[PDB]
RNA sequence: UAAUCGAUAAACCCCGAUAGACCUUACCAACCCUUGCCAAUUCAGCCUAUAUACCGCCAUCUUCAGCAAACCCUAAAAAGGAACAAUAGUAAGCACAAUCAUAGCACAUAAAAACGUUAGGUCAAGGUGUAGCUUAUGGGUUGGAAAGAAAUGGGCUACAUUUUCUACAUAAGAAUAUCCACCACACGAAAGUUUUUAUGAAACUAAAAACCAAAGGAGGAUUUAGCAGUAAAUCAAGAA
Ligand SMILES: [Mg+2]
Ligand SMILES: [Mg+2]
Ligand SMILES: [Mg+2]
Ligand SMILES: [Mg+2]
Ligand SMILES: [Mg+2]
Ligand SMILES: [Mg+2]
Ligand SMILES: [Mg+2]
Ligand SMILES: [Mg+2]
Ligand SMILES: [Mg+2]
Ligand SMILES: [Mg+2]
Ligand SMILES: [Mg+2]
Ligand SMILES: [Mg+2]
Ligand SMILES: [Mg+2]
Ligand SMILES: [Mg+2]
Ligand SMILES: [Mg+2]
Ligand SMILES: [Mg+2]
Ligand SMILES: [Mg+2]
Ligand SMILES: [Mg+2]
Ligand SMILES: [Mg+2]
Ligand SMILES: [Mg+2]
Ligand SMILES: [Mg+2]
Ligand SMILES: [Mg+2]
Ligand SMILES: [Mg+2]
Ligand SMILES: [Mg+2]
Ligand SMILES: [Mg+2]
Ligand SMILES: [Mg+2]
Ligand SMILES: [Mg+2]
Ligand SMILES: [Mg+2]
Ligand SMILES: [Mg+2]
Ligand SMILES: [Mg+2]
Ligand SMILES: [Mg+2]
Ligand SMILES: [Mg+2]
Ligand SMILES: [Mg+2]
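Residue numbers (the authors' numbering), protein chains in the order written: chain C, 36 to 167; chain J, 61 to 189; chain i, 54 to 102; chain k, 83 to 244; chain N, 28 to 128; chain I, 70 to 177, 195 to 397; chain E, 88 to 106, 122 to 215; chain h, 285 to 387.
And the structure:
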């Protein structure tokens with residue numbers, strides 16, 4: 036029985052995000068990729084760096100934006116700039132949201148020594164794909 | 061916008077070969093469409109083709125500890141489109157390619173080969189030593 | 054560099070910005086372990102006594 | 083975005099999920115900025131930069147008769163902090179021997195001299211250059227090699243008569 | 028903190044090995060030559076034997092960078108099989124799909 | 070849920086305009102065919118399952134049909150069979166049986199099939215049982231069993247469908263070469279890592295050339311030459327035709343077989359329309375689906391397993 | 088070792104062991135910190151009588167006080183979890199016989215008891 | 285303020301944060317303004333050395349090695365050679381003792 | 001042996017290792033260091049005890065069809081609940097099925113395969129609840145381990161004529177276990193002794209030649225695998 040990245044069947048009441056409801060064998064069939072970069076294509080270099088980098092930005096966004104994160108965080112790399120999209124729940128009063136926008140962009144840009152672009156799409160409640 | 065003209069005899073390109081690597085075939089289709097539509101407007105006279113797909117597979121163990129009867133296998137597919145342009149000027153290439161590259165999607169890579177036209181070097185023309 | 058990531062996010066925790074759920078769990082647990090009467094011995098004290 | 087769109091794999095309801103908060107449409111690279119109208123406009127704005135192609139060059143015969151040498155040069159783009167790609171250095175020279183001012187003796191000596199880089203069927207002398215960190219350098223050196231090989235192919239010596 | 032003590036050790040062996048790289052290279056050149064005199068080569072032999080051997084290349088061990096696991100690492104991602112799979116199966120690794128054929 | 074359909078169809082049209090104006094087409098002649106191209110170019114998802122790819126479509130194809138309001142605002146139900154829990158089914162049944170009865174008082195292989203179960207389920211907007219379906223179709227057989235009136239025939243036509251069947255080996259028109267003014271036919275076989283192309287000239291010396299050398303030299307294995315001989319010995323043309331051949335990939339038997347297929351394909355221009363069905367039943371023109379099976383991990387030979395141990 | 092750490096939920100799964123839960127999401131505001139910085143958008147409203155407050159640091163004692171506040175918060179929550187034991191007994195003790203279950207549920211027709 | 289996204293990218297690029305287009309991967313690396321004959325042809329640094337000795341064999345090898353080496357500047361290539369001058373010159377004894385007279 | 005751990009019916013036994021000369025390394029032997037990686041902390045750090053506290057990843061029944069909320073019925077209900085000319089069952093969900101992948105079909109294979117079961121596997125991938133260690137169950141340097149009386153699991157190569165050698169690709173020429181004193185040869189040396197070479201700071205490691213040519217002459221009880229491009233034979237590549 037494969038336990039990989041899966042969400043078990045409950046008494047049937049458990050709310051589930053579209054992503055967490057689609058099991059590993061489904062990648063590239065229904066589900067998409069959470070990140071995008073050149074590094075894994077045939078002739079390409081430095082895949083590892085974009086992986087460490089990605090991981091750290093998962094943890095970073097989960098920690099800078101407490102309790103307000105909706106679904107897993109969507110990274111794109113385009114021509115040396117990062118485009119970080121987030122689905123974010125509405126909890127915070129908007130001031131704090133922009134505080135953290137500036138905070139994040141600046142901090143990251145100076146950490147990875149490349150320009151970062153941030154996008155928050157705000158959602159009233161976690162989207163429910165199944166059950167509920 | 062500022063244009064300048066310098067007297068020097070700008071570079072000719074016989075063939076400009078532009079390869080795009082990618083994961084999703086869709087993205088490379090729409091990008092082909094975009095490149096051909098950019099080129100048609102700039103009078104660039106281009107062709108396109110699809111080189112054979114590469115699929116690299118490899119194998120990991122399915123458990124943390126020990127069942128070596130049991131594995132998982134993973135893939136990466138690399139899909140190709142190549143835009144082959146003929147009879148380009150220096151500046152023409154610089155602009156067209158600038159427009160291409162600027163709009164390059166995040167999932168794809170691009171490999172450019174120019175074949176440049178030069179008549180003959182100076183010490184070889186018709187001196188002999 | 055691991056010290057970089059670790060220390061940077063550590064400070065960024067106390068500057069109030071970052072929030073570490075793992076170290077908070079750690080914390081609360083350590084507090085409840087010292088509270089019941091088993092903590093981490095002052096270095097040198099534990100054995101000989 | 084004005085356009086209502088449903089993506090996602092449907093539940094047995096049969097409803098592909100809505101366009102709001104749809105993670106998997108947020109993953110999709112969108113060609114929106116690149117909608118054909120925008121392209122037309124763009125290219126008309128770029129027309130000013132592009133410079134004309136010489137008339138006569140339409141046929142390869144005229145290219146070869148005028149410009150004998152091809153210099154193949156590659157350049158790569160991949161997303162990430164560094165723009166350094168090692169593969170870029172490499173330079174190629176294609177040169178047709180038939181376009182060359184060679185003596186009989188000079189041609190044959192150059193063939194033996196160069197070896198495999200000469201294709202005896204297509205008469206394409208090739209030179210790949212690697213050795214130097216910069217592309218311009220490899221260009222200079224490939225030119226150097228061409229120059230040198232030509233200067234040396236005309237020189238008869240003792241052992242040649244041996 | 029690096030995740031293990033083993034990691035500290037190998038971080039240091041990397042830094043060492045970058046430090047002395049050219050001493051190594053230079054000295055070993057004579058040592059690997061059949062053209063030079065043997066006499067030179069013996070002294071040079073004692074010389075590479077001299078320099079600290081935590082600074083030697085083969086004493087380096089690729090590990091999983093996150094998880095530190097000494098075997099099972101895939102060279103391209105510098106990751107242990109478990110961690111790699113873990114990522115690839117949330118879909119967090121780009122362009123990696125479960126292979127069917 | 071009907072308010073949703075009103076709203077959705079409105080926004081669908083507004084977004085339709087919005088689509089045309091950006092995509093730069095006349096909003097009038099815009100079709101679904103154009104809708105597809107449009108989205109496909111705007112949101113290019115490489116994804117294998119095609120339902121999970123982006124869609125903008127008329128809500129009717131998007132959403133399932135609904136069962137309408139079944140009772141007035143007094144509580145009182147419209148249809149008299151409502152309490153059966155399937156009105157949709159038993160209405161068809163009442164009507165069908167009524168048709169039958171009237172037929173009995175009055176009376177004194196085109197590729198047509200009955201609906202599937204799923205199609206009756208779609209027609210009535212009603213879940214069904216196999217038994218129920220079977221019952222009904224049974225009844226329609228009873229209907230066809232008697233003298234067929236006009237409205238009787240229309241009635242059963244509702245539940246009628248029609249299916250295509252196509253069998254012919256597709257016949258290439260020949261090609262007369264300009265050089266000799268002579269007719270040839272060029273076949274392509276593909277077997278198992280090996281493709282072959284065979285040009286067959288209609289007036290031969292019996293000459294058969296392979297990759298620029300003679301067929302005896304290129305197939306020193308007798309078996310292969312026999313395989314080659316098969317189509318020609320079948321059609322008795324053995325000396326009559328002159329073939330040029332180019333084959334690549336795989337090992338010798340695979341090659342000889344590819345040439346078999348390609349040749350037998352290029353031989354159906356110069357044969358009679360009747361001998362074609364023979365070559366089919368001889369199995370000459372059908373590819374070999376047989377290929378190597380991938381090793382499976384944790385096994386040996388794709389089938390062969392590591393020796394299993396009871397203890 | 089930042090790489091080694093995890094999400095809270097995971098830790099509580101693997102703490103609880105179902106094959122009581124306290125939350126660390128309670129009590130901590132944004133920008134709240136032990137080194138005691140007042141960040142213009144979080145700890146403090148963006149503006150005072152004068153506009154655009156700068157980045158400021160509280161005292162030693164102001165921080166000792168806020169920390170005392172969080173400590174007393176935790177104490178309050180623990181007391182509130184312990185006070186949660188109260189009941190009305192049906193027949194005897196842990197016998198559920200005779201225990202009031204509370205009025206039945208309103209039916210489909212709006213009927214209410 | 286930024287009036288448009290194009291404005292944004294523009295300011296990034298003037299600033300140096302964005303890349304130049306179209307990309308040349310050698311951008312930002314000038315390699316000292318060196319030219320090919322300052323890499324390939326190493327005669328300069330072999331001038332002080334015994335010309336007929338096996339030392340020439342060896343150092344002609346090192347020459348060829350550093351002539352083919354893309355990953356090094358001129359200053360480093362030089363340093364290698366000078367390290368060999370220093371090395372051989374430091375041991376005069378072993379040169380004399382091996383059956384060849386060395387300078 | 002001074003000198004790891006883990007797996008160990010089916011579901012261990014070329015297993016964690018797609019990989020131990022130093023390193024890895026957790027082991028033993030000696031020596032050494034005590035806020036001893038980090039921004040701050042009577043704090044660090046622990047391959048120490050709990051897999052019968054666990055999350056993670058899996059095995060297994062299993063290519064098995066069932067699991068499960070919400071209700072409804074049963075002169076009472078522990079539980080049960082179908083008959084299609086139908087007798088109390090309705091039900092969205094998760095399974096199967098369907099679709100995807102193996103570049104067009106089709107089949108085949110791949111994948112998938114719930115609920116549970118085996119307190120099945122793993123605190124040595126990592127992380128944790130409970131416990132313990134804190135001038136040491138912590139951290140370093142230097143060496144040292146991995147010997148065979150056997151017993152057994154899986155492989156490889158054979159035992160030769162459907163063979164062996166050379167040429168060579170698939171028509172050839174020779175050799176062929178008994179003569180006999182061969183100046184031994186027929187198969188079979190993957191094993192050893194010697195010399196090189198590859199790597200490497202360090203050969204104990206791999207490869208190649210030269211020698212040597214042994215057991216083996218088709219294998220007891222009993223057993224493994226395969227239903228077609230499969231089994232069998234042959235060749236090449238990659239991961240580390
Ligand atoms: Mg399985
Ligand atoms: Mg190693
Ligand atoms: Mg086999
Ligand atoms: Mg009591
Ligand atoms: Mg054990
Ligand atoms: Mg055990
Ligand atoms: Mg077991
Ligand atoms: Mg095995
Ligand atoms: Mg060891
Ligand atoms: Mg220890
Ligand atoms: Mg025990
Ligand atoms: Mg267990
Ligand atoms: Mg478990
Ligand atoms: Mg069923
Ligand atoms: Mg029941
Ligand atoms: Mg298909
Ligand atoms: Mg099938
Ligand atoms: Mg399977
Ligand atoms: Mg299935
Ligand atoms: Mg157990
Ligand atoms: Mg057991
Ligand atoms: Mg542990
Ligand atoms: Mg703990
Ligand atoms: Mg110790
Ligand atoms: Mg040791
Ligand atoms: Mg035995
Ligand atoms: Mg065998
Ligand atoms: Mg013979
Ligand atoms: Mg041997
Ligand atoms: Mg012998
Ligand atoms: Mg014998
Ligand atoms: Mg048996
Ligand atoms: Mg490797």
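Think of the CB as a built atom: it goes at the ideal place given N, C-alpha and C, for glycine as much as any other residue.
For residue j and residue i, the rounded distance between their alpha carbons
i, j, result
"residue 158 of chain C", "residue 314 of chain h", "49 angstroms"
"residue 142 of chain J", "residue 63 of chain C", "24 angstroms"
"residue 78 of chain I", "residue 127 of chain I", "7 angstroms"
"residue 116 of chain J", "residue 171 of chain J", "20 angstroms"
"residue 165 of chain J", "residue 93 of chain I", "23 angstroms"
"residue 89 of chain J", "residue 113 of chain I", "8 angstroms"
"residue 74 of chain C", "residue 97 of chain E", "30 angstroms"
"residue 360 of chain h", "residue 350 of chain h", "10 angstroms"
"residue 102 of chain I", "residue 81 of chain I", "16 angstroms"
"residue 374 of chain I", "residue 347 of chain I", "9 angstroms"
Test item: CB-CB of residue i and residue j under 8 angstroms
i, j, result
"residue 142 of chain E", "residue 130 of chain E", "no"
"residue 56 of chain i", "residue 45 of chain N", "no"
"residue 268 of chain I", "residue 287 of chain I", "yes"
Residue burial classification, residue i (beta-carbon count within 10 angstroms, cutoff 16)
i, result
"residue 110 of chain I", "buried"
"residue 70 of chain C", "buried"
"residue 217 of chain I", "exposed"
"residue 285 of chain h", "exposed"
"residue 181 of chain E", "exposed"
"residue 85 of chain N", "exposed"
"residue 74 of chain i", "buried"
"residue 392 of chain I", "exposed"
"residue 86 of chain J", "buried"
"residue 343 of chain I", "buried"
Proximity test, residue i beta-carbon vs ligand 3 heavy atom, cut-off 7 angstroms
i, result
"residue 384 of chain I", "no"
Closest residue to residue i among the options (Cα-Cα distance)
i, options, result
"residue 372 of chain I", "I:274, I:390, I:395", "I:274"
"residue 174 of chain k", "k:237, k:226, k:191", "k:226"
"residue 308 of chain h", "k:121, k:164, k:118, k:207", "k:164"
"residue 108 of chain k", "C:124, C:137, C:119, C:167", "C:119"
Any non-hydrogen atom of ligand 33 closer than 7 angstroms to residue i Cβ
i, result
"residue 88 of chain N", "no"
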